[PDB]
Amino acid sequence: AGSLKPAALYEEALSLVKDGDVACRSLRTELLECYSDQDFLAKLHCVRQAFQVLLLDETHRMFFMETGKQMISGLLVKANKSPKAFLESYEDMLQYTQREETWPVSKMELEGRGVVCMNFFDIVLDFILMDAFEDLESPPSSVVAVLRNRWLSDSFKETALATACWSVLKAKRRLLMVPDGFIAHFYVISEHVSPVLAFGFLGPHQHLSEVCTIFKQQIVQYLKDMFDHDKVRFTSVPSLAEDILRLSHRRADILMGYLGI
């Protein structure tokens, strides 16, 4: 129970957890430093409600959109890369998302990939970000061997890692239930972003490495904080939404500052 004090919303959610009526794609208990799987699920339900409320306000939707745009751009230019491609892919990704008629199909795809809830957390934070990080945490058998090769120039290691990323993304694209849907639109973004992150987390640049490491650190810390009952109030939905919003702005400012925007 640690420092957990009695909270209305939290206990309401915990009821559901004990019934078994709260679902999740991947347990993030240890990563997000929760007390237990039960604790994680309760807080998860609460966070879902919080974002569901938060994203009705169009100002906040704009905040998150703009934030994503700027942070990925900053990462890209700090990787000595041009952000134009990513900017366009991101943009029409959003324009596709805003179309209300796309959403049943999107629901089908995401459910087909294990997403158990149409929520900002489930889609953007868990399915898109934390999965990307968990992916670049464990590169293929082959890639690593190419990386520990003393004889290869690191320009070659660059193009090699790029090729590997494209190969993985290709195998993923082959399994698309829909050619031009949510996950495809996202696979283009991934096409323009994943190589950079990969060569940051695995490459020997050592200044791309620091930037990437700190980027990931900021995101993961943001999520940890979001699941911290002492950082945010799991008492009511309006209060949790207020706290999560402020946390978002804070950590955003921090990351922007680090990237030099």
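A residue's number is simply how far along the shown sequence it sits, counting from 1.
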Quick one: say whether 204-212 or 66-74 has the higher mean Cα B-factor in the deposited entry.
204-212
Between 109-117 and 84-92, which has the larger average Cα B-factor in the PDB entry?
84-92
Between 225, 39, 33, 57, which one tops the list for C-alpha B-factor in the PDB entry?
57
For the listed residues 198, 232, 219, 50, which one has the largest C-alpha B-factor as given in the deposited model?
198
When the modelled residues of the chain are sorted by Cα temperature factor, does residue 243 land in the lowest, middle or highest third?
middle
Grab the CA temperature factor for residue 159 from the record and place it in the lowest, middle or highest third of its chain.
middle
Per the entry's values, where does residue 253 land by CA temperature factor relative to the rest of its chain, in the lowest, middle or highest third?
middle
CA B-factor placement of residue 99, once the chain's modelled residues are sorted into thirds
highest
Going by the entry, which third of its chain does the Cα temperature factor of residue 126 land in?
lowest
